[PDB]
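J.: Have a look at this fold, sequence not included:
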DNA sequence: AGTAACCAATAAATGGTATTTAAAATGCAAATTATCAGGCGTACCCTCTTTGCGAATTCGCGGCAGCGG
């Protein structure tokens, strides 16, 4: 709290990180590593636009 | 334009028994580079809300249930 910021501002980053890291590790039968998941997500975001 | 198979002889006829030759080639296990795979962190503020809508008008049957003398 010494930083003087609202709690939610800090907490949201950790929550997003945890959720996304898990959805990368689990959720596939054959486990693609994290970095490849990031690259595939970039690929898909570029393809739509 | 000349008979011999006489008895020695000559080594050539083989395909078989091996310790060699070292060169090669052929494999073998290191060093040594690339690249992949994990972990951490992010400071304006954000606070039950999304769902399934229906393994979808079945039907007939059974029976284990709650209310009731």
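T.: Arrived safely, thanks for sending. Residues are numbered from 1 along each chain as shown, chains lettered A, B, ... in the order given.

J.: Only C-alpha atoms from now on, for both contacts and neighbour counts.
T.: Noted.

J.: which bits of chain A sit near DNA strand B?
T.: A:1, A:3, A:5-10, A:12-14, A:17, A:33-34 (Cα under 7 Å from any atom of the strand).

J.: ok, now with 10 Å
T.: Selection of chain A residues close to DNA strand B by Cα under 10 Å from any atom of the strand yields A:1-18, A:20-21, A:25, A:31-36.

J.: Can you tell me how far residue A:40 is from residue A:15?
T.: Taking Cα to Cα, to the nearest Å as the measure, residue A:40 falls 22 Å from residue A:15.

J.: the helices in chain A, which residues?
T.: Chain-ordered helices for chain A, with DSSP state H as the definition, fall at A:7-25, A:34-48.

J.: want to throw these into TSV with mean neighbour count?
T.: Putting the helices of chain A into TSV (neighbours: other Cα atoms under 10 Å) gives the following:
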stretch	mean neighbour count
helix A:7-25	11
helix A:34-48	11
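
J.: how deep is residue A:32 tucked in, by neighbour count?
T.: 13 (other Cα atoms under 10 Å).

J.: what's near enough to touch it?
T.: The contact partners of residue A:32, by Cα atoms under 8 Å, 6 or more residues apart in numbering, come to A:24-25.

J.: Just read off the phi/psi values of it.
T.: Backbone torsions of residue A:32, given as degrees, to the nearest 10, read phi -70, psi 130.

J.: Same question for residue A:2.
T.: With angles defined as degrees, to the nearest 10, residue A:2 sits at phi -60, psi -30.

J.: Look up how far residue A:13 lies from it.
T.: Using Cα to Cα, which is the criterion applied here, residue A:2 is 18 Å from residue A:13.

J.: likewise residue A:45?
T.: In terms of Cα to Cα, residue A:45 sits 21 Å off from residue A:13.

J.: And for residue A:43?
T.: For residue A:43, the distance to residue A:13 - Cα to Cα - is 24 Å.

J.: next one: residue A:4
T.: Distance from residue A:4 to residue A:13, by Cα to Cα: 17 Å.

J.: Residue A:37 now?
T.: When residue A:37 is compared with residue A:13 (using Cα to Cα), they lie 19 Å apart.

J.: Please apply the same query to residue A:42.
T.: Per Cα to Cα, residue A:42 is found 20 Å from residue A:13.
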